[PDB]
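> Fold the following, please.
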Amino acid sequence: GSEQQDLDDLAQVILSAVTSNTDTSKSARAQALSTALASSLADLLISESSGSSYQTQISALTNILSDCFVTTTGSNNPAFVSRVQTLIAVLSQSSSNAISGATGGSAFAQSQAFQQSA
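Residues are numbered from 1 along each chain as shown. Let me share the structure:
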């Protein structure tokens, strides 16, 4: 539905930020980013995920992925935290488009592998 499929997309889209430095070891931090997903899930139990899943936890964990490498990964407000800040605006448009306006498969269409029209 919503606020849950976006979290598996957030894993692939944060990987497009953290692996942008060519880091293979950031794919181990994907499993730690999944612990932020559990908190975004927990915000549905308190009805607080309606448009604000967990920006503080997602930003903090995105920055903990930077702190895996500790060399040049921008240890205060990195390009990866800036990437989630800008892409969350575009992703909110693509997700609300998938809610009412299919216009293709479904934003990422399970990595362009879904044989459908609407």
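> roughly how far apart are the closest residue in space to residue 58 that isn't next to it in sequence and residue 61?
Excluding the flanking residues, the one nearest residue 58 by CB to CB, 6 or more residues apart in numbering is residue 36, at 5.2 Å. The C-beta positions use only the backbone N, C-alpha and C, and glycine is treated the same way. Residue 36 sits 4 Å away from residue 61, going by CB to CB, to the nearest Å.
> Residue 82 now?
In this structure, residue 82 and residue 61 are 15 Å apart, going by CB to CB.
> sorry, back to before: what's around the residue nearest to residue 58, how many residues?
23 (other CB atoms under 10 Å).
> Just the residues contacting the helix or strand hosting it, thanks.
For residue 36, the host element (DSSP states H and E) is helix 26-45. Under the contact criterion CB atoms under 8 Å, 6 or more residues apart in numbering, helix 26-45 has outside partners 3-4, 7-8, 10-11, 14-15, 18-19, 49, 52-54, 57-58, 60-62, 64-65, 68-69.
> what packs against the next helix or strand after that helix?
As assigned by DSSP H and E, the chain's next helix or strand after helix 26-45 is helix 55-66. Where contact means 3 or more CB pairs under 8 Å, 6 or more residues apart in numbering; DSSP states H and E, helix 55-66 is packed against helix 5-18, helix 26-45, helix 79-99.
> Identify, out of those helices, the most deeply packed stretch.
Ranked by mean neighbour count under mean count of other CB atoms under 10 Å, those are led by helix 5-18, which reaches a mean of 18.
> Quick one: list the elements packing against that helix.
Secondary elements touching helix 5-18 (3+ CB pairs under 8 Å, 6+ apart): helix 26-45, helix 55-66, helix 79-99.
> could you dump those helices to CSV with distance to residue 115?
Output for the helices and strands packed on helix 5-18, formatted as CSV (distance: least, CB to CB, whole Å):
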stretch, distance to residue 115
helix 26-45, 27
helix 55-66, 32
helix 79-99, 17
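> between the ones you listed, which one is nearest to residue 117?
Checking the helices and strands packed on helix 5-18 against residue 117 by CB to CB gives helix 79-99 as the closest, at 14.2 Å.
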